[PDB]
Structures are given as C-alpha cells and as structure tokens.
Amino acid sequence: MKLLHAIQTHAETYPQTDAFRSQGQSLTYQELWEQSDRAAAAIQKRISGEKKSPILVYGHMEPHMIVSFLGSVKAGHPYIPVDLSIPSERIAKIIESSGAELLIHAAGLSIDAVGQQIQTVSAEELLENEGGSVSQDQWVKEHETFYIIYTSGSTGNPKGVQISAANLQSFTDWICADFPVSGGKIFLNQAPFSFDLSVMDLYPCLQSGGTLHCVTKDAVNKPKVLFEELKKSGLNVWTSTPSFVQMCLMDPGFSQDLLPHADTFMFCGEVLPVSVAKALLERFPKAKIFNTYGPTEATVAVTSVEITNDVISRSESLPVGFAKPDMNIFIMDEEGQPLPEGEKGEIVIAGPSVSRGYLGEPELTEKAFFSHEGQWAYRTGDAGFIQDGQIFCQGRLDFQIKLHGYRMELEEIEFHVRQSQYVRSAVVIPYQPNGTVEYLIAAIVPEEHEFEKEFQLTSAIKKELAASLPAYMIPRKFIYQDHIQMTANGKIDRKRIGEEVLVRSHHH
Ligand SMILES: Nc1ncnc2c1ncn2[C@@H]1O[C@H](COP(=O)(O)O)[C@@H](O)[C@H]1O
C-alpha cells in the first residue's frame with residue numbers, strides 16, 4: 001500500500017488518533033491529511049507544475065514540517081528538508097543546485113531570519129488556502145522523486161540524493177513488515193528531518209498509523225527536560241544514532257524505568273558500539289535491539305540484525321545485518337569484481353532502495369552509481385566482508401567520516417577552510433584514537449594577515465565557516481604551521497601531520 005494511501009486511510013478510519021507530537025503541539029491523522037491537502041493546493045498556485053522542481057521545507061520539528069512534506073508530494077513536487085542548523089550559505093548552495101522555486105518556513109521567521117533568493121512562504125500563510133484539495137493523480141508516484149536529502153560533498157558543495165516514491169515505499173514496507181513496529185505504536189524522533197535517519201521512524205510510523213513523538217534540539221540541550229519529555233512520551237519505538245542513546249545511557253536514570261513502554265530499539269547511521277548494546281540489554285529487558293546499516297544514497301538502511309547477547313559474544317564487532325530481503329549486496333574489489341565470504345572489499349548495494357543519483361551532478365553520480373546485472377547499484381565507499389551471510393562493516397576507503405553520527409567529508413571542510421583569504425593551505429585531522437572520531441583538528445598554513453593574538457586569526461576563520469558549514473563540521477582545534485607535507489608528488493601525508501599535531505597537543 002503506497003504510503004500516502006495508508007495515511008489517507010488512517011485519516012478516515014481513526015481521524016482522532018494522534019499522528020504527530022512535538023513540544024506540546026499535536027496533530028491527528030485527520031488534521032495532517034486535511035492540512036497537507038490544503039497545502040498541496042496552495043502550492044500549485046505558487047509554482048509551475050511544468051517541471052517537478054524541489055520545494056525546500058525549512059524549520060526543525062514543528063507540525064508544519066510534516067504537513068509541508070506531504071503537501072509538497074501531494075502537489076507532485078519532492079521536498080528538500082532543511083533544518084534550522086543549516087547555515088545561510090549552505091542553504092543558498094542547496095537552493096542554487098536544486099532549482100527549487102519555493103521555500104516554506106514552518107513558521108513566521110524572526111529578527112533577520114529568512115534572507116534567500118527564492119519564493120518564501122510561511123506554513124501558516126499557505127494553510128489559509130481554501131477548498132484546497134488536490135487529487136491522487138497529482139501525488140508523486142513510482143520513480144518520481146519524493147524527497148531530496150542533501151549531504152556533504154567532498155568537492156566543497158553539498159550533493160542532493162534523490163529518493164523516489166518507490167525507493168521510500170520499498171524501505172517503508174520493509175520496516176513495517178520485518179520489524180516489531182506495527183500496531184500503531186509511539187515512535188520517537190530525535191534526528192532532524194534533514195538527515196534520512198529520521199525517515200526510519202517518520203514514514204514507517206505514519207504508514208503503520210502510529211504516533212510520532214519528537215524530541216527537539218531544545219530538549220536535548222537540557223538533560224533534565226530531555227528525560228522529563230521522554231518519560232511522559234510513553235514511546236514504544238526508539239530510533240536514533242548510537243551516539244544519541246549513548247549520551248542518554250550516560251545517566252543511570254535512563255533504563256526500563258524511565259521508558260516503561262519502550263520495546264524496540266532501531267539504530268542506524270554509525271557503528272553501534274558493543275558496549276552500548278550490552279547496556280541496553282541490561283537496562284531495557286523488555287525491548288529488542290536492531291542494528292541496520294546503509295548510506296543515504298540507498299534510502300536509510302539496507303540491512304538489519306537483532307542484537308542479542310548471543311550475537312554479542314559471537315563477535316567483538318557487531319555485524320550490520322543481513323540484506324534487505326529484496327536488496328543485493330556484494331563485496332566488490334579494487335578491480336571492480338565480486339569477492340567470496342571472508343575477503344575484505346567495498347560494500348556494494350544493488351536494488352530498489354538505490355537512488356537514481358545526485359541532483360544536477362551527473363559526473364558525481366556516474367562515479368558512484370552503476371548498472372550491475374541489470375539493477376541500479378551504488379559503491380558505498382565502505383570496506384567490509386560477509387561472514388555467515390551477514391555483512392560486517394569496517395572503516396571507509398575514502399576521506400568521509402562520522403563524528404558523533406554526523407556524516408561529513410574531510411575534503412569539503414578543507415575546501416572551505418582553504419577558501420578563506422587568511423588561509424593558504426589546510427588539512428583537517430580527525431582525532432580518532434580508538435576508531436570513533438571525537439573531534440577534528442585543522443592544521444593551517446596561514447596567509448600573512450594583520451591580526452594580534454591567535455584566537456584572532458582562528459576566530460575570523462571559524463566565523464566564516466559558521467556561514468557555510470553546519471556547526472558539527474567546524475573543526476574544534478586550529479593549529480598553524482609553515483607548510484604541508486605533500487606526498488605522492490603532491491598528495492599530502494595526512495598520517496604524519498596528525499602525529500605532529502598530537503605531539504604539539506602535549507606542549508602547552
Ligand atoms: N549500522 C552501521 N554500522 C556501522 N556503520 C554504519 C552503519 N550504518 C551506517 N554506517 C556508516 O554511516 C554511513 C552512512 O551515512 P549516512 O548517509 O549519513 O546515513 C555508512 O556508509 C557507514 O559509513
């Protein structure tokens with residue numbers, strides 16, 4: 001059952017049951033469906049249906065975000081979710097490449113808020129449309145793009161992964177059918193909508209007729225209310241990055257007691273530490289844990305495996321799971337061909353979950369996406385192997401990293417740092433003693449300026465980055481040098497620069 005129809009049916013069958021809860025505000029499947037209907041209609045009066053141009057949906061987790069998502073697709077346009085944490089210049093970059101002709105801000109802005117060169121509408125303004133009613137024939141369908149989520153681009157600009165209705169539905173049916181989330185449960189949502197991890201709970205929840213319970217950035221920044229918010233939620237399904245639950249597990253009060261109704265843990269987006277898995281099993285004895293791996297380029301995740309003490313003892317490195325029933329995953333080699341179980345190669349995903357490609361970026365698509373055996377496939381860039389039928393994920397082949405579950409390209413950061421007038425050269429070092437990156441270091445070969453102190457030159461640069469890079473991509477540490485070790489007749493030697501930098505960290 002197409003996603004939109006299930007939501008439509010829940011709006012008709014049980015129009016009074018909540019579909020979305022976010023900071024005191026609520027929304028029923030009836031309200032969600034009628035408002036989204038109104039939005040779709042108001043949208044078609046502001047942009048041409050000539051082409052399926054993206055519509056940026058701006059905000060955090062207010063009810064209008066979910067309404068606009070549905071309004072966009074019901075109107076036949078894919079939406080680009082944009083979180084408040086994404087800075088002006090990046091947004092401008094996204095607007096630029098996506099060809100978007102409409103940005104909806106879930107609420108009236110503030111003192112110096114929206115300042116973009118694209119049609120702007122508050123969600124409230126749109127919702128003042130009248131009859132506002134599109135017909136099913138308008139809704140995006142089949143291989144038409146449902147949403148485009150942008151992610152870090154190694155060349156310096158973000159790239160938009162296009163996810164079709166078929167992509168999404170394929171993933172959604174998977175979750176609802178193969179996992180204990182059906183029955184109209186309460187799904188937690190901690191991930192901002194601009195990261196597809198959010199999709200793992202958002203759409204499987206709406207299709208299953210459950211209730212989405214958001215936990216905003218605000219609550220997260222206040223440990224007291226965070227837990228307060230959680231206890232009152234009565235959530236059943238917990239979906240988040242391992243890092244987030246690990247921060248919560250940092251408190252003793254976080255256990256079955258806090259979330260008496262918690263029965264399902266959905267993790268994805270980064271390595272799920274064995275320890276974090278053990279604790280969960282101890283503190284939440286009434287809930288099962290699930291581990292799923294996958295890149296944004298393949299619609300959230302394409303594998304899964306229930307974590308049990310039996311699965312924990314059998315390996316000192318938790319597996320990512322077995323392939324999505326309709327997905328094929330291979331372990332290609334440096335040459336481009338397959339590999340037998342046990343060998344270490346690059347994980348390759350082929351199947352209905354794979355994206356058609358990066359928006360407006362053919363050369364980039366061309367390198368990562370390809371037709372294999374007749375089915376669209378994607379080179380994940382991850383290194384792994386398959387043992388006993390289950391994929392094991394270990395490290396990347398390139399310079400893309402994960403910081404606290406945040407995906408970023410070390411080369412996009414270096415690009416921006418080097419794009420400064422004050423900078424002549426730059427290399428970003430991920431401090432990852434164990435394996436998990438704790439923070440980033442920026443080794444910089446400066447340009448003769450006129451500043452006084454160092455946090456002077458360091459502040460001017462960061463202030464710049466703050467404009468084009470989300471906060472989690474701004475290096476924590478800045479150290480300066482005279483020149484960089486460019487090995488391989490040019491390719492700098494990252495390993496050595498790191499060593500030097502850690503040594504310098506000992507000299508106060
Ligand atoms: N379950 C997992 N275990 C280990 N690493 C993962 C897992 N899921 C995702 N990843 C990593 O995160 C990447 C996808 O990042 P993202 O597109 O931001 O969701 C994967 O290619 C891996 O590098």
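Positions are given from 1 along the sequence. Read the numbers this way: they start at 1 and go in the same order the structure lists the ligands and their atoms. Keep in mind that the numbers below use all heavy atoms, side chains included, and drop hydrogens, waters and symmetry copies.
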Would you say the side chains of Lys324 and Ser170 form a donor-acceptor pair under 3.5 Å? yes

For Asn291, the atoms of ligand 1 under 4.0 Å from one of its heavy atoms are 1 (N)

How are the rings of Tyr439 and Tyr431 set to each other: parallel, tilted or perpendicular (split at 30° and 60°)? tilted

When you look for heavy atoms under 4.0 Å from ligand 1, do you find them on the side chain of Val271, its backbone, both, or neither? both

Specify the protein heavy atom at minimum distance from atom 11 (C) of ligand 1: its residue, its atom name, and the distance to 0.1 Å. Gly269 O, 4.0 Å

In terms of residue, atom name and distance, what is the protein heavy atom nearest to atom 2 (C) of ligand 1? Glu270 O, 3.5 Å

Out of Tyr378, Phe392, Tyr293, whose heavy atom is nearest to atom 7 (C) of ligand 1? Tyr293

With heavy atoms of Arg407 as the reference, note each atom of ligand 1 found under 4.0 Å away. 15 (O), 16 (P), 17 (O), 18 (O)

Identify, for atom 23 (O) of ligand 1, the protein heavy atom at the shortest distance, and state residue, atom and that distance. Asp382 OD1, 2.7 Å

Geometric cation-pi criterion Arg494 and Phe399, 6.0 Å radius, 45° cone: yes

Within the 4.0 Å heavy-atom shell around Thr292, which atoms of ligand 1 are there? 1 (N), 2 (C), 8 (N)

May I ask you to list the atoms of ligand 1 that are less than 4.0 angstrom from any heavy atom of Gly294? 8 (N), 9 (C), 14 (C), 19 (O)

If we only count N/O pairs under 3.5 Å, is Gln400 in contact with ligand 1? no

Are side-chain N/O atoms of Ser85 and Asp83 paired as donor and acceptor at under 3.5 Å? yes

Where does the angle between the aromatic ring planes of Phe195 and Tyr472 fall among parallel (under 30°), tilted (30 to 60°) and perpendicular (over 60°)? tilted

Suppose I only count heavy atoms of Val320 and a 4.0 Å limit; which atoms of ligand 1 are within that range? 3 (N)

Please find out if less than 6.0 Å separates the ring center of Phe290 from that of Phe265. no

Check the pair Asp263 / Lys286 against salt bridge (charged side-chain N to carboxylate O under 4.0 Å, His left out), numbers first and verdict last. CA-CA 6 Å; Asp263 59 43; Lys286 301 179 183 177; over 6 Å; no

Enumerated ligand 1 atoms positioned under 4.0 Å from heavy atoms of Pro295: 14 (C), 17 (O)

Return the residue, atom name and 0.1 Å-rounded distance of the protein heavy atom closest to atom 13 (C) of ligand 1. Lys402 CE, 3.9 Å

Numbered atoms and elements of ligand 1 in range of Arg396, under 4.0 angstrom, heavy atoms: 23 (O)

Test item: side-chain donor near acceptor, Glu229 and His213, under 3.5 Å: yes

Hey, are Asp493 and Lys495 close enough for a salt bridge, meaning a charged N less than 4.0 Å from a carboxylate O? no

